[PDB]
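For reference, the chains in residue letters:
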Amino acid sequence: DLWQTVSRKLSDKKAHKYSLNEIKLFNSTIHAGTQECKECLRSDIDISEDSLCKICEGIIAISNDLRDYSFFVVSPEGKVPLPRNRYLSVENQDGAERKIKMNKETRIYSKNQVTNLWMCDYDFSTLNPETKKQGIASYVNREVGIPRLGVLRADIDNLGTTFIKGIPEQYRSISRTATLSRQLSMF
RNA sequence: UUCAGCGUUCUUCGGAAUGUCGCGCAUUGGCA
């Protein structure tokens, strides 16, 4: 019951999400802007010559790195912004060591191995350099079979039911609800 | 010895389509 009460309060934090001063601040624009990012469609932030704001440009740059480099570095200097005056930079082991000894306040996360984070980044194209350059095109390079790409979009059925009543009230406890989620995340 | 033709089959049996391509390219996407 108690966790549900927490979820009862969470829904109350999303109804009255913004205070009047923040709402007034969003309303009080001074200049409309002369250009916007082609992705974010925002004009207040400075837009580069490629019609990209700094955040979206960082995201697009960091996308190859997350797949290529295991270490994630929450550091004063990095590609994409993070909550407390820091940035997320994807680096190798040498770069992670350099940045953590450079500045004491560096947080390091390890991809599938310093706190360890689990994420699936399987990419057959990266197995070879020329295949890496090709990317998706490499897959349709087939001597036989129609050269077509197959997109699998999937969702675990009743994932929310599993997180709500997936454990019988007899075995409802913190450890199991953490283990069940951890096993689902690991798979 | 003369007088006459008469009856029965009217088409039959096979093969009835097959093999080959079954959209491609450009823009777009993707990689940089």
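Residues numbered from 1 in each chain as written, not as in the entry; some residues may be left out. Chains lettered and ligands numbered in written order. Part of a larger assembly, values for the part shown. Heavy atoms only, no water.

As summarised from the PDB record, the model derives from cryo-EM at a stated resolution of 2.72 Å.

*Asks:* Just to check I follow, could you spell out the overall build of chain A for this structure?
*Replies:* Of the regular secondary structure elements, chain A holds eight helices and five strands. Mapped in sequence order, the helices and strands of chain A form the string α-α-α-β-β-β-α-β-β-α-α-α-α. Taking 16 Å as the expected radius of gyration for a compact globule of 187 residues, we find that chain A reaches 22 Å, considerably beyond that expectation. Overall size of chain A, expressed as C-alpha extent along the three principal axes, is 55 × 55 × 45 Å. With 187 residues in all, chain A has 17% of them scored as buried. About 15,700 Å² of surface is accessible on chain A, with carbon and sulfur atoms providing 54% of the total. Charge centroids of chain A, computed over 28 positive and 24 negative side chains, lie 7 Å from each other. (Helix = DSSP H or I, 4+ residues; strand = E, 2+ residues; numbered from the N terminus. Rg over C-alpha atoms; globule rule 2.2 N^0.38 Å. Buried < 20%, exposed > 50% of the residue type's maximum accessible area, 1.4 Å probe, protein only. Areas by Shrake-Rupley, 256 points an atom, 1.4 Å probe, with all protein chains shown as cover. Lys, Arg positive; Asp, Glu negative; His and termini not counted. Charge placed at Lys NZ, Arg CZ, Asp CG, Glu CD.)

*Asks:* Could you clarify how one ought to interpret the packing of aromatic side chains in this entry?
*Replies:* All chains considered together, the criterion is met by one aromatic pair. Here the aromatic rings of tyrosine 18 and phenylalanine 26 are separated by 5.1 Å at their centres, their planes lie at 85°, and the arrangement is edge-to-face. Residue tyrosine 18 is classed as partly exposed on the basis of its relative accessible area, which comes to 42%. (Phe/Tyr/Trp six-rings, centres within 6.5 Å; stacked < 30°, edge-to-face > 60°.)

*Asks:* Honestly, the sheet that holds strand 5 (residues 115-117) in this entry has me stumped. Any pointers?
*Replies:* In a beta sheet, neighbouring strands are held together by backbone hydrogen bonds and run either parallel or antiparallel to one another. In spatial order, the strands read 2-3-1-4-5; together these five strands make up an open sheet with mixed pairing. If you trace the sheet from one side to the other, it starts and ends with strand 2 (80-81) and strand 5, each paired once. The pairing of strand 1 (residues 71-75) with strand 3 (residues 87-91) spans five bridges and is antiparallel. Looking across to strand 3, one finds that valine 73 is bridged to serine 89. (Pairing = 2+ DSSP bridges.)

*Asks:* Would you mind going over the pairing of strand 3 with me for this structure?
*Replies:* In summary, the side chains of a regular strand alternate between the two faces of the sheet. For strand 2 and strand 3, the ladder comprises two bridges, and the chain directions are antiparallel. Of the residues in strand 3, the one forming a bridge with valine 80 is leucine 88. Between strand 2 and strand 3, which pair antiparallel one after the other, the connecting turn spans five residues, and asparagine 85 there sits at a positive phi close to 50°.

*Asks:* Before we go on, may I ask you to explain the side chain of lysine 99 in this structure?
*Replies:* Mapped onto the elements, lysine 99 comes out in helix 4 (residues 93-102). The buried charged residue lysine 99 lacks any salt bridge, with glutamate 91 as its nearest oppositely charged partner at 6.5 Å. (Salt bridge = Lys/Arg side-chain N within 4 Å of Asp/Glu carboxyl O.)

*Asks:* Help me understand the environment of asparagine 85, please; the structure alone is not making it clear to me.
*Replies:* Secondary-structure assignment places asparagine 85 in the loop between strand 2 and strand 3. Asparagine 85 gets classed as exposed once you look at its relative accessible area, which sits at 76%. Note: C-alpha distance between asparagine 85 and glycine 58 (27 residues apart in sequence) is 15 Å.

*Asks:* I keep staring at the protein's contact with RNA strand B and nothing clicks. Help me out?
*Replies:* Around RNA strand B, the structure places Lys132, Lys133, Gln134, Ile136 and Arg148. Close to the protein, within 4 Å, the atoms of RNA strand B belong to sugar or phosphate groups at a rate of 100%. Note that a sugar or linking oxygen of RNA strand B is positioned 3.5 Å from one of the backbone N or O atoms of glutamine 134. Within the side chain of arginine 148, one N or O atom sits 2.8 Å away from a phosphate oxygen of RNA strand B. Top contributing element to the surface near RNA strand B by residue count: helix 5 (residues 129-134), with three residues. Across the surface near RNA strand B, the residue classes break down as one nonpolar, one polar and three charged. (Near = heavy atom within 4 Å. Polar contact = N/O pair within 3.5 Å; in protein donor to acceptor, adjacent residues only side chain to side chain. Nonpolar A, V, L, I, M, F, W, Y, C, P; charged D, E, K, R; others polar.)

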